[PDB]
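To start, the structure under review is shown below, and the notes come after it.
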Amino acid sequence: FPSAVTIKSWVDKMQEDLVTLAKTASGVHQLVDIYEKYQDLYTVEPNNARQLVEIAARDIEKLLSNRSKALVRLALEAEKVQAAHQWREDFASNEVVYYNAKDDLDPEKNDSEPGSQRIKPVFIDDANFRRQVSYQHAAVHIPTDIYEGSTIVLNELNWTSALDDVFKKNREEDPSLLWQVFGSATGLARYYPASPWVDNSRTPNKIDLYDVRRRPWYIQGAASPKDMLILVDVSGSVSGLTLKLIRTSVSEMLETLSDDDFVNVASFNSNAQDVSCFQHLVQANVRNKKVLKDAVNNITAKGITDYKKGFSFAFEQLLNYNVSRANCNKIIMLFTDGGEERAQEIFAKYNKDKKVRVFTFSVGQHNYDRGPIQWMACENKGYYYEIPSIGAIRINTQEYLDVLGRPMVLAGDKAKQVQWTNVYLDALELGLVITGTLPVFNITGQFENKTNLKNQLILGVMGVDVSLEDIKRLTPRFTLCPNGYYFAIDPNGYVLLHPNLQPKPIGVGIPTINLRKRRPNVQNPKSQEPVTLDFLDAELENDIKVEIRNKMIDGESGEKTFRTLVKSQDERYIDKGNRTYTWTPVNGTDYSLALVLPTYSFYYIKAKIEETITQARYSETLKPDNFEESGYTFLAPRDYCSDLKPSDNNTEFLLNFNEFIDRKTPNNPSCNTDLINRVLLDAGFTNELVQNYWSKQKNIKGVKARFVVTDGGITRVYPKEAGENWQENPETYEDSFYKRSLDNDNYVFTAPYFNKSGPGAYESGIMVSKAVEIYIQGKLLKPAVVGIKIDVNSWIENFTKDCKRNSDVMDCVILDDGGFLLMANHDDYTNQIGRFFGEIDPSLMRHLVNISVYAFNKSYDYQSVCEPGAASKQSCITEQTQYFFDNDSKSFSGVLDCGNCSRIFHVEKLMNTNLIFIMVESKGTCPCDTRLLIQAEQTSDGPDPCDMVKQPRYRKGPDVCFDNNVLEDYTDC
Amino acid sequence: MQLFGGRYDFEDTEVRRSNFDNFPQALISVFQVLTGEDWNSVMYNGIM
Ligand SMILES: *[C@@H]1O[C@H](CO)[C@@H](O[C@@H]2O[C@H](CO)[C@@H](O[C@@H]3O[C@H](CO)[C@@H](O)[C@H](O)[C@@H]3O)[C@H](O)[C@H]2NC(C)=O)[C@H](O)[C@H]1NC(C)=O
Ligand SMILES: *[C@@H]1O[C@H](CO)[C@@H](O[C@@H]2O[C@H](CO)[C@@H](O[C@@H]3O[C@H](CO)[C@@H](O)[C@H](O)[C@@H]3O)[C@H](O)[C@H]2NC(C)=O)[C@H](O)[C@H]1NC(C)=O
Ligand SMILES: *[C@@H]1O[C@H](CO)[C@@H](O[C@@H]2O[C@H](CO)[C@@H](O)[C@H](O)[C@H]2NC(C)=O)[C@H](O)[C@H]1NC(C)=O
Ligand SMILES: *[C@@H]1O[C@H](CO)[C@@H](O[C@@H]2O[C@H](CO)[C@@H](O)[C@H](O)[C@H]2NC(C)=O)[C@H](O)[C@H]1NC(C)=O
Ligand SMILES: *[C@@H]1O[C@H](CO)[C@@H](O)[C@H](O)[C@H]1NC(C)=O
Ligand SMILES: *[C@@H]1O[C@H](CO)[C@@H](O)[C@H](O)[C@H]1NC(C)=O
Ligand SMILES: *[C@@H]1O[C@H](CO)[C@@H](O)[C@H](O)[C@H]1NC(C)=O
Ligand SMILES: *[C@@H]1O[C@H](CO)[C@@H](O)[C@H](O)[C@H]1NC(C)=O
Ligand SMILES: [Ca+2]
Ligand SMILES: [Ca+2]
């Protein structure tokens, strides 16, 4: 085994060889030279990240105040309009004309139900809606089990028809506005503009079971947040059909709950245990509810019924005050069949003043006495609900919000506050969106205070979407580098706006569906959960980020600079990036907005080119017939002008881009000058490289392909044969290697993938990249990232000439940080190139981490898909490992032993690059396995919830809670 | 009532209406087995 100085001297002649090959062939110092040679085609402006945040915080203020004004007027009209409605019952005499969504639009149908008359609308196709729509009226959604033509429903479509004039007045004023909808108390919803619903009832074989009342946006503006507590009666009498019904009501009751709502679930049979692991009221987020809905299911009925120990346990649960709580409506609901005891004594003290509200549910078909339960409900200002059937569950476990809304409708104007929802997928397929809601109240005869019998309910709730693609147009990231971004946050820790946030729903648990019990054609529910990713789950968690995260939940302003490690774009690397954060509150709302920058991004380039010939000359550089002397040029699909659209077929896009500058001068009076201009300047900078430097050295021996991925989207792979293999995203702010090249001050090597499809190994090769780094007036800039795809065959020859190809004495390999295998001496390994090195000899890799040579961090990706397990895709959690050098020390000697054998490995790290060289004795001499240490998205179901909630994350609830008005009717059950 | 009282706790959603839960109902069920009518479908609920 060679000495430590021989490995030292032999690494230094093959890290000097790779870097000279990459410093020379790519042209780092040449592209630095021509950014500095000009100085005057551009100027260098600063990103004032105090100022940028303040500017952004105000476009989201004004956007969400403009939405709010529209909401207020609609509400006023609805209140005024229905106070002048007459309650007619002759509807076959005077037809109600409306367009009904989810109905066949074929003219020849002509069903013509009594009372109603439909509309055939004309349906232009649209952008900002990715569906055909009509701007002349509002559609109407009736849920499926609700009959339309009922006097109760027919009378909504009469009075609600005056909203189409106010609907129209909102979009005339603001073209950008998205869905406008009124969700009725009656269960009928009207939205503008009209479009056909996505599931028709019976024209396909999937049938929608969508109810407006059920909806989260409808619920948050229906009522105030609430600490509920479900009691379940588990006595012996319940076992049977009735027990079956209860498990489906509680799961149903929960759907109703929200993050702001706290909830626990207890159960009694002569003792009250608590159904799961929790013991206090927990946040009723997606996870906690998933635990409770998984413990409600396993319940077995046995034993004597005791309503006294069931309501003692409930009240005690209600009084914890140590835990984090909603502290608003306090209510307890019991599911039971029949009661012989009213438990008068427990209610006298625990709730002598009736602070708590009791709702009693009688379920199943049975003969047990319901008088005592009704009495309990009446005594406590709750309500009573029967459920005999499965189809009766859905409208009675949502109906309690008519009771809880009462002291809000007695609060008057004070209760008309806009609230904005958690991001969620739109019913109509719009994408991620948030809705601002306002409740409409039933005011009839207010002038004189004549009735009030049913004047304590809301007419319904009114909402208006903001799409998250509308907010991302108020937070522009182009001046800032790929590293910089804006993050938005609730007072709940959830992230409103984040690079990491994705359309797929956030998943819980490992998905298990039983194929042996899905009959083929019945169509179960798909999903309704909100997409609540948290800030400490969108990014790698620190302790110096939980400080930042708490500090901008409680509405403060500030900046912070620290060293933290960024997870890479692809999930394979972790790079220590020195960042600065800066946050401020959006003053109209409860959102607070932040901005990450990396020091060195504090300055950007603005293009200062305006000459006729110079913008002209740089623009034919990106012509696809002129790639024989330029290099297969790419271009990023920014929204350059409003007219040319991002196309995802890039040769399509670059023609429509470059047609645009010929057919019209780049002045373009409805199009931003700087973004297009910077691109033009850039293409004259990645031209002078490809003309005056790369086309001189037309073939370097080991060099396969040469790229300049730059800022302005223009990536230039140098031979067109090589550009067929360029499998990157052509958007330069989505490339992984672009972003890892900017963090590092040394050449970076990217490992090719293992297996997969497409040619990514011998054909393209392993790639090196390096950020260009210029200084203008003593101000650091990193404009571009040069690079090289390496030839893996040639590199091997230099490497071979104490390692002999296929040697049985000892094997040596080169590994980039992250532990991926780039080069293998044996060749039984270099076939499996770009593979995680702990999968080809897991014994050595395990030891290396122990020596402190390597470090890692497992994280959770709450938005990913996986195949089900037997117990096409669902959402699930994956755990993800990344590996990264944590020790700066250059060399590491030692020996590892498996038991009865020693192997002496020597590790040396090449200077000036992330690569590491290790020499070790052949694996075959000691037959050892430990277990195969693998690095992949690995399906898992963590973290366990029962341990998170003992020390929950900081949170801030709603300031205004409406409950317990003294003059509430409290007489109807 | 002793053999089949409170023993029909099946978790199906179907109606087994000739059961043995009260005394009036038990008496009615007993009468239905003497008239012969559908007497064996009353027995299958008692084997299950
Ligand atoms: C709810 O439906 C009823 C029935 O269609 C609507 O009442 C109708 O309202 C219109 C305009 O308010 C009435 O038109 C007027 O008719 C009189 C003659 O009757 C004429 O002198 C006026 O110049 C005008 O043309 C219509 O007659 C009336 N129908 C009845 C039976 O009274 C009502 O407008 C609908 N509510 C909402 C909010 O849309
Ligand atoms: C808003 O509140 C008002 C009352 O404050 C509600 O109006 C009431 O609606 C009921 C519906 O059951 C009407 O009662 C019906 O009366 C007819 C006679 O026309 C009778 O045939 C029915 O059997 C039933 O009793 C009642 O007339 C009406 N009250 C008033 C004062 O107009 C209204 O329904 C609420 N708004 C919404 C959208 O529900
Ligand atoms: C958000 O609103 C606050 C006030 O509630 C603004 O703070 C003010 O800032 C101005 C100068 O910008 C000062 O003159 C005032 O004294 C500040 N307010 C108070 C009460 O001291 C803040 O600038 C706003 N920020 C944004 C982004 O809109
Ligand atoms: C992420 O990895 C880093 C390794 O660099 C971890 O940081 C070290 O954590 C240990 C305890 O696990 C401390 O003793 C060291 O002082 C830390 N070193 C540095 C440089 O921070 C970090 O804990 C990991 N994060 C998680 C969540 O495991
Ligand atoms: C191998 O060594 C030769 C001679 O020093 C050098 O020209 C070549 O670039 C090296 N291989 C590479 C490209 O790493
Ligand atoms: C808000 O409304 C005003 C007035 O219609 C308009 O000028 C402005 O552009 C709107 N802002 C946003 C972000 O929609
Ligand atoms: C982080 O900050 C220190 C001190 O300002 C600086 O020396 C270092 O270069 C920064 N980190 C990186 C990766 O540049
Ligand atoms: C290093 O390995 C030793 C022996 O296997 C073990 O006791 C120790 O915990 C390891 N160090 C770390 C940091 O895990
Ligand atoms: Ca009971
Ligand atoms: Ca017969």
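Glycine also receives a Cβ, built like all others from the backbone with ideal geometry; neighbour counts cover every protein chain displayed. Bear in mind these aren't lab numbers, they're just calculated from the coordinates by the rules spelled out.
Below are the figures for this structure:
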| item | result |
| --- | --- |
| A:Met845 being touching a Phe, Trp or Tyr at 6+ places or on another chain (Cβ under 7 Å), farther than 24 Å from A:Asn744 by Cα and away from ligand 3 (no atom under 16 Å from the Cβ) | yes |
| Qualifying residues in region A:563-605 (those that are loosely packed, with under 15 Cβ neighbours inside 10 Å and within 27 Å of A:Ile776 (Cβ to Cβ)) - the one nearest to ligand 8 (Cβ to nearest atom) | A:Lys576 |
| Identity of the residue in region A:333-378, assigned to a helix (DSSP H, G or I) and more than 19 Å from A:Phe313 (Cα to Cα), that ends up farthest from the other protein chains (Cβ to nearest Cβ) | A:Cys378 |
| Only listed residue being touching a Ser or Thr at 6+ places or on another chain (Cβ under 6 Å), among the small types (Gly, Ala, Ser) and part of a loop (DSSP other than H, G, I, E, B), chosen from A:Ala84, A:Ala49, A:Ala92 | A:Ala49 |
| One residue from A:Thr248, A:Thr300 being assigned to a helix (DSSP H, G or I), surrounded by fewer than 22 Cβ atoms within 10 Å (Cβ to Cβ) and β-branched (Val, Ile, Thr) | A:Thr248 |
| Of residues in region A:840-870 being part of a helix (DSSP H, G or I) and of a type in the set (A, V, I, L, M, F, W, C), the one surrounded by the fewest Cβ atoms within 10 Å (Cβ to Cβ) | A:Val849 |
| Tally of residues being polar (S, T, N, Q) and within 14 Å of A:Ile790 (Cα to Cα) across region A:739-763 | 1 |
| Within region A:220-242, tally of residues that are surrounded by 24 or more Cβ atoms within 10 Å (Cβ to Cβ) and within 13 Å of chain B (Cβ to nearest Cβ) | 2 |
| Cβ pairs under 7 Å, 6+ apart, first in region A:658-672 and part of a helix (DSSP H, G or I), second crowded, with 16+ Cβ neighbours inside 10 Å | A:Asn658/A:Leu622; A:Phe660/A:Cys641; A:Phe660/A:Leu644; A:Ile661/A:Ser619 |
| Options A:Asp174, A:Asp199; residue that is surrounded by fewer than 23 Cβ atoms within 10 Å (Cβ to Cβ) and farther than 16 Å from A:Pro525 by Cα | A:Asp174 |
| Verdict on A:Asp294 being of a type in the set (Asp, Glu) and within 14 Å of chain B (Cβ to nearest Cβ) | no |
| Check on A:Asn320, in contact with a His (Cβ under 9 Å, 6 or more places away or on another chain) and outside any helix (DSSP H, G or I) | yes |
| Top-ranked residue in region B:1-26 [being under 10 Å from the mean Cα position of the chain (by Cα) and part of a helix (DSSP H, G or I); ranked as nearest to ligand 1 (Cβ to nearest atom)] | B:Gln25 |
| Cβ-Cβ under 7 Å pairs, at least 6 apart or on other chains, region B:4-16 side more than 7 Å from chain A (Cβ to nearest Cβ) and among the acidic types (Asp, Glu), far side surrounded by 14 or more Cβ atoms within 10 Å (Cβ to Cβ) and part of a loop (DSSP other than H, G, I, E, B) | none |
| Subset of region A:333-356 (residues that are within 42 Å of the chain's Cα centre (by Cα) and more than 23 Å from A:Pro388 (Cα to Cα)) | A:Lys354, A:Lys355, A:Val356 |
| Among residues of region A:379-410, those that are surrounded by fewer than 19 Cβ atoms within 10 Å (Cβ to Cβ) and within 14 Å of chain B (Cβ to nearest Cβ), counted | 5 |
| Filter result (of a type outside the set (D, E, K, R), more than 26 Å from A:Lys244 (Cβ to Cβ) and buried (at least 18 other Cβ atoms within 10 Å of the Cβ)) within region A:351-378 | A:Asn351, A:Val356 |
| Single match in A:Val275, A:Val263, A:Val282 (criterion: of a type in the set (A, V, I, L, M), more than 14 Å from chain B (Cβ to nearest Cβ) and more than 30 Å from A:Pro407 (Cα to Cα)) | A:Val275 |
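Okay, residues lined up against (1) touching a helix residue (DSSP H, G or I) at 6+ places or on another chain (Cβ under 9 Å); (2) away from chain B (no Cβ under 14 Å); (3) within 16 Å of ligand 1 (Cβ to nearest atom); (4) within 30 Å of A:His29 (Cα to Cα):
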| position | (1), (2), (3), (4) |
| --- | --- |
| A:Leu781 | yes, yes, no, yes |
| A:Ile788 | yes, yes, no, yes |
| A:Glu797 | no, yes, no, yes |
| A:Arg805 | yes, yes, no, no |
| A:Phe820 | yes, yes, no, yes |
| A:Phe837 | yes, yes, no, no |
| A:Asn850 | no, yes, no, no |
| A:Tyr854 | yes, yes, no, no |
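So that you can scan it fast, the table gives a plain yes or no per residue for (1) surrounded by 11 or more Cβ atoms within 10 Å (Cβ to Cβ); (2) of a type in the set (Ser, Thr, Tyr):
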| site | (1), (2) |
| --- | --- |
| B:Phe4 | yes, no |
| B:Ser18 | yes, yes |
| B:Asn22 | yes, no |
| B:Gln25 | yes, no |
| B:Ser29 | yes, yes |
| B:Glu37 | yes, no |
| B:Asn40 | no, no |
| B:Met48 | no, no |
